[PDB]
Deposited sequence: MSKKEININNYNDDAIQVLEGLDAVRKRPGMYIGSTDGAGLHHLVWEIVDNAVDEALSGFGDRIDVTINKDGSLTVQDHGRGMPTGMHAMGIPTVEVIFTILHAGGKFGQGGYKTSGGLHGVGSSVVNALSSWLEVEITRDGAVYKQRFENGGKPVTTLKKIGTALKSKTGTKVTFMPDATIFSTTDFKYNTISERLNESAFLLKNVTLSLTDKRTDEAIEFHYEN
C-alpha cells in the first residue's frame, strides 16, 4: 500500500471521483456527507446539516464524536494527516478544493484547521473557542477548485435527493439542506 500526496489526486482527478463535470463535483459532497452518515450509523449524532453557502462553498456539519484532535507523528495533527495523505476520501476533497476548513468540537473545546490551494495547510489544528462539555461534532466546509471542475455550481435538487435517500437508509436521523443562494430549505427524517 503506497501513500501519496495530494498532487497525485490533482494530476488524476478522474481516477478518484470519476469525472470533472457535474457528476464529479457532487462526488465531493457525497464523500463528506458519507463520513457524517457513517458516524451517525454508529449511533453518534442525530442530525446532519448541509449548507450550500452564498460564495459557492458547501458545509457539512454533524454531531458525532468529532474527528481526532490529537497529534500524529512529529507534532502533526491527526486530522491534518487524514486530509493531506492519500491512502491509495477526505484528502481527495481537500486536494480538489481551492480551500477547505474543518472544525472539531469535543471535550469543551473547539478546534479548526484551514487548507488552501489544493489542500496545503495554512494553519495547524488550533483551538479557536470553547463549548459545553457535552457538545461534540465535526464541521467541514470546502470550496471546489474552479481550475479543475468544468462546473462548480452545486445543484440543490441533486443533493436534496441524495440526502433524502441517506435519511431513509439511516433511520431516526435528521438530514437538512439549506441553499443560501436561493433561501431554499428542506429536512428529511424517517422513523422506524
| property | result |
| --- | --- |
| Parts of the chain sequence, as deposited, that carry no C-alpha coordinates in this structure | 1-16, 105-122 |
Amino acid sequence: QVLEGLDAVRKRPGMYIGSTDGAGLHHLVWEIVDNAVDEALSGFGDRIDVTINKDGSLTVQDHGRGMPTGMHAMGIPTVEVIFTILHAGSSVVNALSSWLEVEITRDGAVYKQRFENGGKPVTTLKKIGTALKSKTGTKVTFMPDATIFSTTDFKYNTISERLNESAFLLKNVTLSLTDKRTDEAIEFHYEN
From here on, numbers count along this sequence of modelled residues.
item	value
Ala88 dropped from a third or more of the other entries of this protein	yes
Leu177 by Cα B-factor - lowest, middle or highest third of the modelled chain	lowest
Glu101, C-alpha B-factor rank within chain (lowest, middle or highest third)	lowest
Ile148 - Cα temperature factor, lowest/middle/highest third of chain	highest
Lowest, middle or highest third - CA B-factor, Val2	highest
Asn157, C-alpha B-factor rank within chain (lowest, middle or highest third)	middle
